[PDB]
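Trainee:
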Amino acid sequence: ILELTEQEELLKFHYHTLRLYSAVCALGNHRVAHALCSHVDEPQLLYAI
Amino acid sequence: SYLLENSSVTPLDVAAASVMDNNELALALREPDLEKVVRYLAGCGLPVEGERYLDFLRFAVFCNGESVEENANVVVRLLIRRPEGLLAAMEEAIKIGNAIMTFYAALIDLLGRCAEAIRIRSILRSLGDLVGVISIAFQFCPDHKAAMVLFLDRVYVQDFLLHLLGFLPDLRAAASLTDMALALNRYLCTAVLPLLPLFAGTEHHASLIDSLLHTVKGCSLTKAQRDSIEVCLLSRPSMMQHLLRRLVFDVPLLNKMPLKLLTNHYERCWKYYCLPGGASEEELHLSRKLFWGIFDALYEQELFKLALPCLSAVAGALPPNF
Amino acid sequence: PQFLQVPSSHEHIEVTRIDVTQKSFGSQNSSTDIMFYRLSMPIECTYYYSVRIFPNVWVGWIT
Amino acid sequence: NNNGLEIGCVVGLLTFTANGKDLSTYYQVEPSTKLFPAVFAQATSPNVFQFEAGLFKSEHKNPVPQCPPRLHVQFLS
Amino acid sequence: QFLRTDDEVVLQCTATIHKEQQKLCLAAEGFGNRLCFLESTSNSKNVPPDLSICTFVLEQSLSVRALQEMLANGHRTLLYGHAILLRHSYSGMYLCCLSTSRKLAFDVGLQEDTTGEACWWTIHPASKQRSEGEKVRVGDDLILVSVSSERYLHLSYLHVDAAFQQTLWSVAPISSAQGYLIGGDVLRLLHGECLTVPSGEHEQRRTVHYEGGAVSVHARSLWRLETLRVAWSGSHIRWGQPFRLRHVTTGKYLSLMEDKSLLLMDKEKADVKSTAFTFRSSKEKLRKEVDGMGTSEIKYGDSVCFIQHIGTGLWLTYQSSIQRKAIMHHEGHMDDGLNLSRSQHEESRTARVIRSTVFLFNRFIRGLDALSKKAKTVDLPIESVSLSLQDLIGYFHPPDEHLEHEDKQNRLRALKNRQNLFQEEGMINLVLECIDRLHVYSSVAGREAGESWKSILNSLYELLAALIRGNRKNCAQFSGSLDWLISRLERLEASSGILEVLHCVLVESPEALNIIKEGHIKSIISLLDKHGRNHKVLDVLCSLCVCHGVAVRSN
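Chains as they are written, first to last, in this note's numbering: chain A, 1 to 49; chain B, 1 to 322; chain C, 1 to 63; chain D, 1 to 77; chain E, 1 to 555.
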């Protein structure tokens with residue numbers, strides 16, 4: 001991802017995924033949110049921080 | 001204004017001579033006098049009559065080379081209203097009534113001798129037909145095209161410049177020695193107008209050399225030689241050297257003084273071709289070695305050897321009626 | 001080296017999206033050297049994929 | 001000797017039919033991995049290469065009976 | 001008596017068509033048309049002229065010399081030798097010389113901005129009677145010459161072009177009191193409830209009805225009061241001077257047909273004593289004309305106005321969902337004194353554009369009907385369509401972020417008013433039918449006209465989106481066609497355009513968020529397999545996920 005600053009079309013799309021993945025968890029979608037922990041992998045987000 | 005109203009045919013010649021030379025006088029004239037001229041042109045529906053008017057108006061707006069603007073404006077503005085398609089129906093008349101052919105030549109000259117001053121370009125760009133008459137006068141001949149060129153020059157890049165070029169037919173038909181004899185000397189001053197890819201340019205530089213070979217009349221050839229010195233100064237360098245290769249054949253034929261001055265014109269051109277070269281550069285050192293035989297052959301020669309001094313510096317840049 | 005689509009800004013090696021399901025390609029230029037026409041989408045593990053040749057060639061199914 | 005029709009049919013295994021005629025026993029082996037449809041070229045003419053029993057669109061995409069080969073946008077070069 | 005700045009006038013000539021000097025005036029449409037044309041005012045009996053798109057307002061009349069300095073950077077009377085500015089009185093477009101042909105004369109158009117010399121036009125008499133500096137009177141035969149091209153505004157043979165031959169453009173005035181009725185004004189017809197006409201796709205919209213409630217907002221309650229005269233049409237509305245009524249949305253004249261009833265009939269059938277009414281203060285049936293703005297007689301707000309037909313003396317009464325049907329009768333009730341109310345200018349500006357949208361796309365529908373059934377050439381407009389199609393997007397352009405707030409709010413308040421008017425006449429449905437007939441082939445027709453087929457379709461949706469982006473109403477009106485859009489979603493041609501409609505709906509229709517089902521959304525996610533990687537899809541899926549503020553968890 002750190003490279004992908006310059007990959008501009010591909011920068012924009014994946015950002016919108018992050019809106020989308022945060023979307024589908026709209027105020028308590030817990031059955032969804034357990035499923036997304038598999039997709040996005042919380043320690044990766046710890047590294048994203 | 002007396003004379004204008006009289007002139008229905010000479011009388012209008014008188015009004016012509018009354019104007020031509022003086023700027024001061026040509027400025028001083030007013031517009032309805034010019035309007036009486038063009039209303040007589042409006043009567044011509046069929047001519048021969050109209051050509052004397054447009055000749056007058058030709059000497060109304062140009063007068064010293066500098067197209068006088070206040071005449072040039074108002075003359076034109078009335079002409080749109082009654083001029084009065086017209087290209088191709090003219091093209092019939094060549095093969096046919098000589099006066100119809102000469103008519104539009106003088107009409108286009110009036111417009112040719114004239115150029116907020118941008119809208120007047122546009123109406124003159126509103127009359128395309130350019131190359132059409134250029135194609136005609138390659139075939140009586142000389143007067144029509146020179147008016148078209150002056151129209152083309154003022155109103156209306158190097159690609160389209162080379163597009164126009166049977167000017168080689170003018171230089172080649174020089175050996176027909178009488179309308180064409182008077183044509184060619186008119187197209188020597190017309191040749192100064194093109195002063196302002198590489199393959200078709202080498203044909204035209206050889207066509208300029210064919211006109212120079214017809215030159216190698218006299219003061220017209222001085223206009224052609226000035227057109228020749230500006231042509232080699234305008235230009236690749238090897239195509240200029242291919243033109244200098246056919247000039248080296250003429251340099252062998254040179255060593256009468258006009259061909260030596262054409263070689264003196266190629267000598268400062270060889271000073272320009274030396275910096276591009278620092279093939280036939282060995283034969284160019286042989287042309288300076290033939291100039292050493294020209295040193296063995298010898299006040300005008302001081303100017304000829306000073307050009308050969310440039311050719312001696314040019315040979316060292318390489319050494320660093322059929 | 002890596003893959004990237006052909007944009008229209010190129011040496012004019014022309015992609016033409018045509019429908020029965022064909023894409024023609026042109027090389028009317030001063031480029032002859034190397035062309036690697038890899039289409040975008042792979043396979044995993046019946047379905048025949050044809051290549052029409054007017055004029056060498058190396059047809060590849062490449063990971 | 002003007003037209004050549006070199007066809008790499010799929011499905012796990014591969015076959016080659018060149019000008020509609022079998023030039024098979026090719027390097028046809030993979031248990032479950034990937035293969036790009038590729039034509040490697042040195043540009044010998046223009047109108048040089050035109051591309052296309054089931055059909056290749058029905059294999060790859062999300063619809064998988066999809067037997068008419070309906071082209072998409074992602075068919076890229 | 002004179003012509004000054006800010007006076008509505010026309011530009012009238014004559015033409016030798018069959019031994020009669022056809023008294024035609026300058027007409028140019030706007031909002032669909034950039035070019036000029038002719039409108040004959042001769043046959044005012046049977047086919048009366050569309051005087052709305054013929055008038056012009058003298059916005060500024062300055063001399064040639066006092067202009068070029070201003071161009072390098074107050075009811076003033078017109079003098080000959082002044083370059084005037086002729087804004088089109090409807091569309092707000094300034095009359096200009098163009099750079100095209102229709103023939104070495106240029107063309108005459110209505111451009112948008114006053115900068116450039118083409119918008120200005122100098123006046124010179126072709127009359128030795130009057131000369132330069134004299135005050136331009138009413139009805140002077142004059143010549144209009146440009147400033148850029150300096151060509152004459154000429155009547156060619158039957159087209160207007162900037163030429164070098166001259167033409168006498170006779171100037172008849174139209175107008176120059178606020179709160180009082182002025183002829184030419186598009187306006188409503190109140191009761192105490194308003195007069196209406198049937199809705200879209202409904203009869204060919206010919207009946208006449210009283211209706212209360214929210215039809216006063218609509219465009220189908222708009223009525224243009226057209227006088228019989230050409231000159232001084234913007235005279236004040238008196239009791240008893242004649243008026244040809246004409247409905248706005250259909251472009252039909254309100255005519256008394258003795259065969260059926262009071263009906264809306266077209267331009268050609270509407271003879272004067274079959275369609276023209278007058279106004280009475282009482283229900284009695286007791287002047288001819290004045291040349292001026294006239295007596296500022298009748299008010300808009302405070303005026304009980306009875307309506308009487310000229311040829312018969314019938315009165316506009318009603319029969320009796322409130323679809324109270326209005327008819328004509330010799331006596332009627334005491335509820336015929338109908339009050340009036342003006343429309344706003346933007347309200348009139350929309351609805352004339354609505355009938356422009358009508359006549360354009362319906363020819364475009366019928367032309368599409370010709371080349372869909374059989375191949376090989378009924379007149380199918382393309383450029384005229386695409387010119388309007390681009391313009392309506394500009395008509396419905398959202399207000400800029402670089403605009404001041406209150407003006408941005410007004411323009412947005414104007415914008416929704418502009419939007420609501422197209423829905424309630426079925427322009428959305430009219431566009432919807434055009435998207436039907438075009439999405440047939442895949443690039444049939446003449447493919448220089450049918451060459452822009454790709455660019456037409458794109459901007460259709462871009463229109464269709466723009467008529468949604470603000471309103472909660474109109475997106476909820478895509479309750480029906482939302483499944484159809486997902487059906488045409490996988491056309492892969494203008495597939496961003498379908499989505500951009502479908503995006504802006506699903507921002508503002510919590511209604512339609514609950515409509516959408518599995519296989520629709522499946523197809524939307526399937527489209528992402530089609531079109532590579534579009535974040536455009538994702539924000540749609542974001543909007544399918546989140547509502548205005550709440551979640552739709554089943555989605």
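In this text, a Cβ means the ideal position worked out from N, Cα and C, and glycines have one as well.
Just to check my reading of the structure: B:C189 and B:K223 have Cβ atoms closer than 8 Å, yes? What is that Cβ distance to the nearest angstrom?
Mentor: With a Cβ gap of about 5 Å, B:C189 and B:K223 count as contacting.
Trainee: So, helix, strand or coil for E:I298, using DSSP?
Mentor: Three-state result, E:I298: coil.
Trainee: On the criterion of 16 or more Cβ atoms from any shown chain inside 10 Å, does B:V9 qualify as buried, or is it exposed?
Mentor: Looking at its Cβ environment, which holds fewer than 16 other Cβ atoms inside 10 Å, B:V9 is exposed.
Trainee: Using a Cβ cut-off of 8 Å (strictly closer), state whether E:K530 contacts chain D.
Mentor: Yes, E:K530 lies at the interface with chain D (some Cβ there is under 8 Å from its Cβ).
Trainee: Taking B:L171 as the reference, which of B:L208, B:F199, B:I120 has the closest Cα?
Mentor: Checking every option, the nearest Cα to that of B:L171 belongs to B:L208.
Trainee: Quick one: residues in its chain with C-beta nearer than 7 Å to the C-beta of D:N2, no 5 flanking neighbours on either side, listed in chain order?
Mentor: Same-chain partners within the cutoff: there are none.
Trainee: For E:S89 and chain D, any beta-carbon pair shorter than 8 Å?
Mentor: With 8 Å as the cut-off, E:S89 does not count as an interface residue toward chain D.
Trainee: Can you find the residues in the same chain that come closer than 7 Å, C-beta to C-beta, to B:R186, ignoring five residues on each side of it along the sequence?
Mentor: For B:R186, where only same-chain residues beyond five positions count, the Cβ hits under 7 Å are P142, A146.
Trainee: Say whether the region 341–358 of chain E touches the region 307–314 of chain E, bearing in mind that this needs 3 or more beta-carbon pairs closer than 8 Å, one atom from each stretch.
Mentor: Segments in contact, no.
Trainee: In chain E, what lies closer than 7 Å to B:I229 by C-beta?
Mentor: None at all; the shortest Cβ gap to chain E is about 42 Å.
Trainee: On a CA-only basis, which of B:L303, B:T202, B:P258, B:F249 is nearest B:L286? Give me that one, please.
Mentor: Ranking the options by Cα distance to B:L286, first place goes to B:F249.
Trainee: When the Cα of E:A231 is compared with those of E:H247, E:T41, E:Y157, which residue comes out closest?
Mentor: Comparing Cα positions, the closest option is E:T41.
Trainee: With 8 Å set as the bound, which would you pick, yes or no: does the beta-carbon of E:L457 sit closer than that to a beta-carbon of chain D?
Mentor: With 8 Å as the cut-off, E:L457 does not count as an interface residue toward chain D.
Trainee: Could you compute how far the alpha carbon of B:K95 sits from the alpha carbon of B:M180?
Mentor: Spanning the two alpha carbons is a distance of roughly 17 Å.
Trainee: When the distance is taken between beta carbons, is B:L54 closer than 8 Å to B:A106?
Mentor: Contact: yes.
Trainee: Going by CA-CA distance only, name the one from E:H236, E:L245, E:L541 that's closest to A:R19.
Mentor: When each option's Cα is compared against that of A:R19, the closest is E:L541.
Trainee: How big is the Cα-Cα spacing for E:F31 and E:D379?
Mentor: Computed Cα separation, rounded: 20 Å.
Trainee: Counting only beta-carbon atoms, is B:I120 nearer than 8 Å to chain E?
Mentor: Chain E, which has no Cβ nearer than 8 Å to the Cβ of B:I120, makes this no.
Trainee: Where B:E24 and B:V61 are concerned, what is the direct C-alpha to C-alpha distance, given to the nearest angstrom?
Mentor: If you take the alpha carbons of B:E24 and B:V61, they lie about 12 Å apart.
Trainee: Taking only three categories from DSSP, how would you classify B:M239?
Mentor: DSSP places B:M239 in helix when its eight states are reduced to three.
Trainee: Look at the alpha carbon of C:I18 and the alpha carbon of C:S50, and state the distance between them as a whole number of angstroms.
Mentor: So the alpha carbons of these two residues sit roughly 15 Å apart.
Trainee: Distance, Cα to Cα, E:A414 vs C:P1?
Mentor: Distance between the alpha carbons of E:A414 and C:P1 is about 56 Å.
Trainee: Pull up the distance between the alpha-carbon of E:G332 and that of E:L85, whole angstroms please.
Mentor: So the two alpha carbons sit approximately 49 Å from each other.
Trainee: Short of 9 Å Cβ to Cβ, which residues in the region 41–61 of chain D face chain C?
Mentor: Flagged, chain order: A41, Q42, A43, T44, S45, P46, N47, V48, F49, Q50, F51, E52, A53, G54, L55, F56, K57, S58, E59, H60, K61.
Trainee: Taking Cβ-Cβ distances shorter than 7 Å, what residues in chain E pair up with B:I80?
Mentor: Chain E residues near B:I80: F164.
Trainee: Comparing C-alpha positions only, which one of B:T10, B:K271, B:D296 sits nearest to B:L284?
Mentor: Among B:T10, B:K271, B:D296, the Cα nearest to that of B:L284 belongs to B:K271.
Trainee: Can you tell me whether DSSP reads D:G4 as helix, strand or coil?
Mentor: The answer is strand: DSSP assigns D:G4 an E or B state.
Trainee: From the beta carbon of A:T17, is the nearest beta carbon of chain E less than 8 Å away?
Mentor: It does: the Cβ of A:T17 has a partner Cβ on chain E nearer than 8 Å.
Trainee: List the residues of chain D that E:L492 touches, going by C-beta distances under 8 Å, in chain order.
Mentor: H72, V73, listed in chain order.
Trainee: So within the region 495–534 of chain E, which uninterrupted alpha helix (DSSP H) runs reach at least 4 residues, ignoring any that extend past its ends?
Mentor: Taking only runs of at least 4 residues, the alpha helix (DSSP H) segments lying wholly in the region 495–534 of chain E are 495–508, 510–513, 518–530.
Trainee: Residues of the region 149–162 of chain E with a CB closer than 8 Å to any CB of chain B: list them in chain order, please.
Mentor: Those residues of the region 149–162 of chain E that come within reach of chain B (Cβ to Cβ, closer than 8 Å) are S149, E150.
Trainee: Taking only beta-carbon positions, decide if E:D7 is within less than 8 Å of chain A.
Mentor: It does not: the Cβ of E:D7 has no partner Cβ on chain A nearer than 8 Å.
Trainee: Measuring only the C-alpha atoms, how far is E:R224 from E:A28?
Mentor: Their backbone Cα atoms lie some 19 Å apart in a straight line.
Trainee: Pull up the CB-CB distance for E:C475 and E:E508, whole angstroms please, since I reckon it's below 8 Å.
Mentor: Their Cβ separation, rounded to whole angstroms, is 5 Å, which keeps E:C475 and E:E508 in contact under 8 Å.
Trainee: Mapping the DSSP letters down to three states, classify B:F249 as helix, strand or coil.
Mentor: In this structure, B:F249 counts as helix in the three-state DSSP scheme.
Trainee: Comparing the C-beta of D:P69 with each C-beta of chain C, is any distance below 8 Å?
Mentor: Output row for D:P69: interface = yes.
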